[PDB]
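What follows is protein.cif (mmCIF, C-alpha atoms).
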data_my_file
#
loop_
_atom_site.label_atom_id
_atom_site.label_comp_id
_atom_site.auth_asym_id
_atom_site.auth_seq_id
_atom_site.Cartn_x
_atom_site.Cartn_y
_atom_site.Cartn_z
CA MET A 1 122.18 87.40 101.59
CA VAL A 2 121.74 91.18 101.39
CA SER A 3 123.37 93.74 99.13
CA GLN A 4 122.65 96.87 101.15
CA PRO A 5 121.44 96.59 104.78
CA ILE A 6 118.56 98.52 106.32
CA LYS A 7 118.98 102.28 106.88
CA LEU A 8 115.36 102.97 107.78
CA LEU A 9 112.47 101.14 109.45
CA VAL A 10 108.92 102.39 109.99
CA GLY A 11 106.47 101.10 112.57
CA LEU A 12 102.71 101.15 112.01
CA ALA A 13 100.24 101.00 114.90
CA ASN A 14 97.83 103.04 117.01
CA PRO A 15 99.80 105.99 118.45
CA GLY A 16 99.30 107.40 121.92
CA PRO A 17 98.92 105.23 125.07
CA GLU A 18 95.18 105.82 124.79
CA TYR A 19 94.96 103.65 121.68
CA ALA A 20 98.21 101.81 122.26
CA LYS A 21 96.36 99.64 124.77
CA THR A 22 94.41 98.44 121.76
CA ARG A 23 95.51 95.22 120.01
CA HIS A 24 96.48 97.25 116.93
CA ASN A 25 99.71 98.40 118.63
CA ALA A 26 102.19 95.95 117.04
CA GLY A 27 104.25 98.52 115.14
CA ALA A 28 104.41 100.79 118.19
CA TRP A 29 105.27 98.09 120.73
CA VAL A 30 108.55 97.29 118.97
CA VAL A 31 109.53 100.95 118.41
CA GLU A 32 109.61 102.03 122.06
CA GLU A 33 111.31 98.75 123.00
CA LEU A 34 114.11 99.68 120.59
CA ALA A 35 114.22 103.08 122.30
CA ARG A 36 114.52 101.24 125.60
CA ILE A 37 117.16 98.65 124.63
CA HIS A 38 119.59 101.13 123.09
CA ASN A 39 118.46 104.05 125.27
CA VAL A 40 118.05 106.22 122.19
CA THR A 41 116.26 109.55 121.90
CA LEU A 42 113.03 109.07 119.99
CA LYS A 43 112.60 112.44 118.31
CA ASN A 44 109.22 113.71 117.17
CA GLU A 45 110.21 115.79 114.15
CA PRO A 46 107.34 117.67 112.42
CA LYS A 47 109.50 117.38 109.29
CA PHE A 48 108.15 113.84 108.96
CA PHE A 49 105.55 114.43 111.64
CA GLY A 50 106.32 111.33 113.65
CA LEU A 51 108.54 109.82 116.32
CA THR A 52 111.87 108.61 114.93
CA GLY A 53 114.92 107.06 116.56
CA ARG A 54 118.29 106.01 115.16
CA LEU A 55 119.86 103.12 117.07
CA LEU A 56 123.03 101.30 116.02
CA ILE A 57 123.03 97.63 116.99
CA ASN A 58 125.83 95.15 116.23
CA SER A 59 127.23 97.34 113.44
CA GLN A 60 124.32 98.98 111.61
CA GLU A 61 122.33 101.97 112.83
CA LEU A 62 118.60 101.32 112.68
CA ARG A 63 116.47 104.36 111.97
CA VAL A 64 112.94 103.69 113.14
CA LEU A 65 109.93 105.97 112.68
CA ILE A 66 106.38 105.81 114.00
CA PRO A 67 103.98 108.29 112.32
CA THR A 68 101.43 110.48 114.11
CA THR A 69 98.52 109.38 111.94
CA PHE A 70 98.57 105.81 110.64
CA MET A 71 96.06 106.60 107.88
CA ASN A 72 97.31 109.39 105.60
CA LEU A 73 100.27 110.94 107.41
CA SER A 74 101.93 107.54 107.80
CA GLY A 75 103.11 107.18 104.22
CA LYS A 76 103.67 110.92 103.89
CA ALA A 77 106.11 110.63 106.79
CA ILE A 78 107.88 107.81 104.99
CA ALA A 79 107.75 109.72 101.71
CA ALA A 80 109.81 112.55 103.16
CA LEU A 81 112.04 110.47 105.44
CA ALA A 82 113.11 107.93 102.79
CA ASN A 83 113.55 110.79 100.30
CA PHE A 84 116.06 112.85 102.29
CA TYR A 85 117.88 109.75 103.42
CA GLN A 86 117.89 108.55 99.78
CA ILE A 87 117.47 105.04 101.14
CA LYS A 88 116.28 102.45 98.62
CA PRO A 89 113.48 99.84 99.09
CA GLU A 90 115.84 96.97 100.00
CA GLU A 91 117.20 99.23 102.73
CA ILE A 92 113.66 100.20 103.79
CA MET A 93 111.88 97.99 106.34
CA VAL A 94 108.46 98.34 107.95
CA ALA A 95 107.17 96.80 111.17
CA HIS A 96 103.40 96.88 110.88
CA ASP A 97 100.37 95.63 112.77
CA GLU A 98 99.06 92.32 111.41
CA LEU A 99 95.59 90.86 111.83
CA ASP A 100 96.36 88.18 109.25
CA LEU A 101 98.67 86.36 111.65
CA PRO A 102 97.85 84.87 115.10
CA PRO A 103 99.01 86.63 118.32
CA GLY A 104 102.67 86.10 119.06
CA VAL A 105 104.04 85.24 115.64
CA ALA A 106 106.39 87.07 113.30
CA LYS A 107 107.23 86.72 109.60
CA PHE A 108 109.40 88.58 107.09
CA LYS A 109 107.95 89.72 103.77
CA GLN A 110 109.91 90.58 100.64
CA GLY A 111 108.18 92.01 97.58
CA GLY A 112 104.41 92.30 97.83
CA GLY A 113 103.10 93.31 101.23
CA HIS A 114 100.07 95.59 101.06
CA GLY A 115 96.47 95.31 102.13
CA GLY A 116 93.32 97.37 101.83
CA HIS A 117 94.62 100.06 104.18
CA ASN A 118 95.85 103.56 103.25
CA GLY A 119 98.73 103.63 105.72
CA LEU A 120 99.96 100.29 104.40
CA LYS A 121 99.80 100.77 100.64
CA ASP A 122 100.36 104.56 100.58
CA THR A 123 103.90 103.84 101.67
CA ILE A 124 104.00 102.55 98.11
CA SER A 125 101.86 105.14 96.35
CA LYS A 126 103.69 108.09 97.96
CA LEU A 127 107.19 106.82 97.18
CA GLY A 128 106.18 105.58 93.76
CA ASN A 129 106.10 102.13 92.21
CA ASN A 130 108.29 100.70 94.98
CA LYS A 131 107.42 97.02 95.18
CA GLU A 132 110.90 96.18 96.42
CA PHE A 133 109.93 97.32 99.93
CA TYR A 134 110.63 95.10 102.94
CA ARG A 135 108.34 94.68 105.94
CA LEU A 136 107.68 92.17 108.70
CA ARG A 137 104.37 90.96 110.10
CA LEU A 138 103.46 91.06 113.80
CA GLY A 139 100.56 88.70 114.46
CA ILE A 140 97.90 90.15 116.74
CA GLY A 141 94.74 88.57 115.35
CA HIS A 142 93.46 85.37 116.89
CA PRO A 143 91.22 83.09 114.76
CA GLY A 144 87.73 82.93 116.20
CA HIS A 145 84.79 84.02 114.10
CA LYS A 146 85.82 84.77 110.53
CA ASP A 147 82.95 87.24 110.24
CA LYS A 148 83.77 89.00 113.50
CA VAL A 149 87.52 89.31 112.96
CA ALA A 150 87.39 93.12 113.06
CA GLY A 151 86.28 92.87 116.67
CA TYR A 152 89.62 91.31 117.56
CA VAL A 153 91.73 93.49 115.28
CA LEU A 154 91.27 96.70 117.25
CA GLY A 155 89.90 95.41 120.51
CA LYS A 156 91.75 95.61 123.81
CA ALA A 157 93.71 92.47 124.58
CA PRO A 158 94.00 91.42 128.25
CA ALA A 159 97.53 91.18 129.66
CA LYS A 160 97.33 87.38 129.55
CA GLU A 161 96.77 87.54 125.78
CA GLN A 162 99.03 90.57 125.27
CA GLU A 163 101.87 88.48 126.72
CA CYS A 164 101.81 86.63 123.40
CA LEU A 165 102.39 89.91 121.58
CA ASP A 166 105.19 90.86 123.98
CA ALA A 167 106.80 87.51 123.20
CA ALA A 168 106.79 88.35 119.49
CA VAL A 169 108.17 91.86 120.06
CA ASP A 170 110.97 90.33 122.14
CA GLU A 171 112.27 88.28 119.21
CA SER A 172 111.22 90.76 116.51
CA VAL A 173 113.67 93.31 117.90
CA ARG A 174 116.53 90.87 118.52
CA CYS A 175 116.25 89.15 115.13
CA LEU A 176 117.07 92.48 113.48
CA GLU A 177 120.62 91.91 114.68
CA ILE A 178 120.68 88.43 113.15
CA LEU A 179 119.38 89.82 109.84
CA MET A 180 122.23 92.32 109.46
CA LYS A 181 124.76 89.93 110.98
CA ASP A 182 124.28 86.48 109.44
CA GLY A 183 121.71 87.25 106.77
CA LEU A 184 118.03 88.03 106.34
CA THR A 185 117.28 84.35 105.79
CA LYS A 186 118.68 83.51 109.23
CA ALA A 187 116.46 86.12 110.85
CA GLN A 188 113.57 84.83 108.74
CA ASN A 189 114.31 81.28 109.92
CA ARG A 190 114.01 82.50 113.50
CA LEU A 191 111.16 84.95 112.94
CA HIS A 192 108.36 82.64 111.77
CA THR A 193 109.67 79.78 113.89
CA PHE A 194 108.90 81.74 117.03
CA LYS A 195 105.17 81.42 117.58
CA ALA A 196 102.72 81.30 120.45
CA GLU A 197 101.82 77.59 120.57
#
Starting from the file, lay out its structure as structure tokens.
Amino acid sequence: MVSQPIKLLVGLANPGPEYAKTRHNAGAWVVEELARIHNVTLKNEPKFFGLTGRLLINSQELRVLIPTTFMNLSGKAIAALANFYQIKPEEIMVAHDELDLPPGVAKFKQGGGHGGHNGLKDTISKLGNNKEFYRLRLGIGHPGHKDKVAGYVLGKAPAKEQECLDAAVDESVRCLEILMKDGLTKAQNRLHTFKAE
């Protein structure tokens, strides 16, 4: 299954409750839930310039970070954090906001997982040629008008729709245990099998 487990996980979303009420909060929604479940101290260390928390579940300690700025400072946070920790790409996971997937679905990605967004690809460019990076998708985007997709991406989702996102977060945090316990493929087999409708 896995050679070395995960020693670091970064969440990408819109920081601050002001923008966290926006649909683009996937990466953030799972981070604070991890803080809640383990009751761990999420530390905002200017060293990385983001909110990080180390929580051991099952047997492995998950080190999650959510950057202050999801544009430039996001990958710069990762650049420093992964560097000091000396944690390699197969041990590096990212939970990022996903408009490519419908609301309330998850999916694991190995290998190539970058889009036309600084904060997404700069995690690559700032660490180097790391293509071995892991990251999972949190579906927030609902298919309506293919030309007006950006209106959904960072719009505010009503509680009745946001419940779909909560449903994803619920399994996205608990499957992390399965990944380190029975294998990434087992978590994967749960992850994209849990979907809203």
Which is closer to residue 187 in chain A than all the others in A:90, A:171, A:122, A:98, using only C-alpha atoms? A:171
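In this structure, CA of residue 100 in chain A sits 6.3 Å away from CA of residue 141 in chain A.
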Of the listed residues A:44, A:39, A:130, A:69, that which approaches residue 110 in chain A most closely, counting only C-alpha atoms: A:130
Counting only C-alpha atoms, what is within 8 Å of range 17-29 of chain A, bar same-chain residues fewer than 3 positions away, as number ranges by chain? A: 10-14, 32-33, 66, 95-98, 138-140, 152-157, 162, 165-166, 169
Within 12 Å of residue 113 in chain A, counting all atoms listed in the file, which residues qualify if same-chain residues fewer than 5 places away don't, as a PyMOL selection string? chain A and resi 93-96+98+100+107-108+120-124+130-137
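Our summary of the geometry notes that CA of residue 164 in chain A is positioned 12.2 Å from CA of residue 101 in chain A.
Across the structure, CA of residue 9 in chain A and CA of residue 64 in chain A are spaced 4.5 Å apart.
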I'd like to know which of A:2, A:173, A:168, A:73 is closest to residue 105 in chain A, using only C-alpha atoms.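 Smallest separation from residue 105 in chain A among the options: A:168.
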Write range 2-24 of chain A as a tab-separated table (two decimals), keeping the file's coordinate frame, completed to N, CA, C and O atoms.
chain	number	residue	atom	x	y	z
A	2	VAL	N	122.22	89.84	101.68
A	2	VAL	CA	121.74	91.18	101.39
A	2	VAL	C	122.84	92.01	100.73
A	2	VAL	O	124.02	91.86	101.03
A	3	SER	N	122.44	92.87	99.81
A	3	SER	CA	123.37	93.74	99.13
A	3	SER	C	123.63	94.98	99.99
A	3	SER	O	124.76	95.22	100.43
A	4	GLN	N	122.58	95.75	100.23
A	4	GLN	CA	122.65	96.87	101.15
A	4	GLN	C	121.73	96.61	102.33
A	4	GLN	O	120.58	96.23	102.15
A	5	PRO	N	122.24	96.79	103.56
A	5	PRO	CA	121.44	96.59	104.78
A	5	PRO	C	120.36	97.66	104.95
A	5	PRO	O	120.17	98.51	104.09
A	6	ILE	N	119.67	97.62	106.07
A	6	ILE	CA	118.56	98.52	106.32
A	6	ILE	C	119.06	99.83	106.94
A	6	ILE	O	119.86	99.82	107.87
A	7	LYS	N	118.59	100.95	106.39
A	7	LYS	CA	118.98	102.28	106.88
A	7	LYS	C	117.75	103.03	107.38
A	7	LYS	O	117.84	104.21	107.74
A	8	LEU	N	116.62	102.35	107.42
A	8	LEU	CA	115.36	102.97	107.78
A	8	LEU	C	114.28	101.91	108.02
A	8	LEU	O	114.15	100.96	107.24
A	9	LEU	N	113.53	102.07	109.09
A	9	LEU	CA	112.47	101.14	109.45
A	9	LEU	C	111.29	101.92	110.02
A	9	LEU	O	111.47	102.76	110.90
A	10	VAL	N	110.10	101.67	109.52
A	10	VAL	CA	108.92	102.39	109.99
A	10	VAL	C	107.96	101.45	110.70
A	10	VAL	O	107.72	100.34	110.24
A	11	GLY	N	107.41	101.90	111.82
A	11	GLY	CA	106.47	101.10	112.57
A	11	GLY	C	105.05	101.63	112.45
A	11	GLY	O	104.83	102.83	112.58
A	12	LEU	N	104.10	100.74	112.21
A	12	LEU	CA	102.71	101.15	112.01
A	12	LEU	C	101.80	100.56	113.08
A	12	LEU	O	101.69	99.33	113.19
A	13	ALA	N	101.16	101.42	113.84
A	13	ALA	CA	100.24	101.00	114.90
A	13	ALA	C	99.37	102.16	115.34
A	13	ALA	O	99.33	103.20	114.68
A	14	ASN	N	98.66	101.98	116.45
A	14	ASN	CA	97.83	103.04	117.01
A	14	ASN	C	98.64	103.86	118.00
A	14	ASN	O	99.02	103.37	119.07
A	15	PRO	N	98.95	105.11	117.64
A	15	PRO	CA	99.80	105.99	118.45
A	15	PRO	C	99.09	106.54	119.68
A	15	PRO	O	97.86	106.66	119.70
A	16	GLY	N	99.87	106.90	120.69
A	16	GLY	CA	99.30	107.40	121.92
A	16	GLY	C	98.86	106.27	122.83
A	16	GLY	O	98.15	105.37	122.38
A	17	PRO	N	99.25	106.30	124.11
A	17	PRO	CA	98.92	105.23	125.07
A	17	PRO	C	97.43	104.93	125.13
A	17	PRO	O	97.01	103.81	125.42
A	18	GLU	N	96.63	105.95	124.80
A	18	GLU	CA	95.18	105.82	124.79
A	18	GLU	C	94.72	104.71	123.85
A	18	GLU	O	93.80	103.95	124.17
A	19	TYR	N	95.37	104.61	122.69
A	19	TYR	CA	94.96	103.65	121.68
A	19	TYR	C	96.00	102.56	121.55
A	19	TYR	O	95.80	101.55	120.88
A	20	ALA	N	97.11	102.77	122.24
A	20	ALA	CA	98.21	101.81	122.26
A	20	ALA	C	97.86	100.60	123.11
A	20	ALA	O	98.48	99.54	123.01
A	21	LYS	N	96.85	100.75	123.97
A	21	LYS	CA	96.36	99.64	124.77
A	21	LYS	C	95.42	98.77	123.94
A	21	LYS	O	94.90	97.76	124.41
A	22	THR	N	95.21	99.19	122.71
A	22	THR	CA	94.41	98.44	121.76
A	22	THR	C	95.31	97.44	121.03
A	22	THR	O	96.50	97.71	120.84
A	23	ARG	N	94.75	96.31	120.62
A	23	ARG	CA	95.51	95.22	120.01
A	23	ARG	C	96.34	95.69	118.81
A	23	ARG	O	97.40	95.13	118.52
A	24	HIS	N	95.88	96.74	118.16
A	24	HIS	CA	96.48	97.25	116.93
A	24	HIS	C	97.76	98.06	117.21
A	24	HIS	O	98.02	99.07	116.54
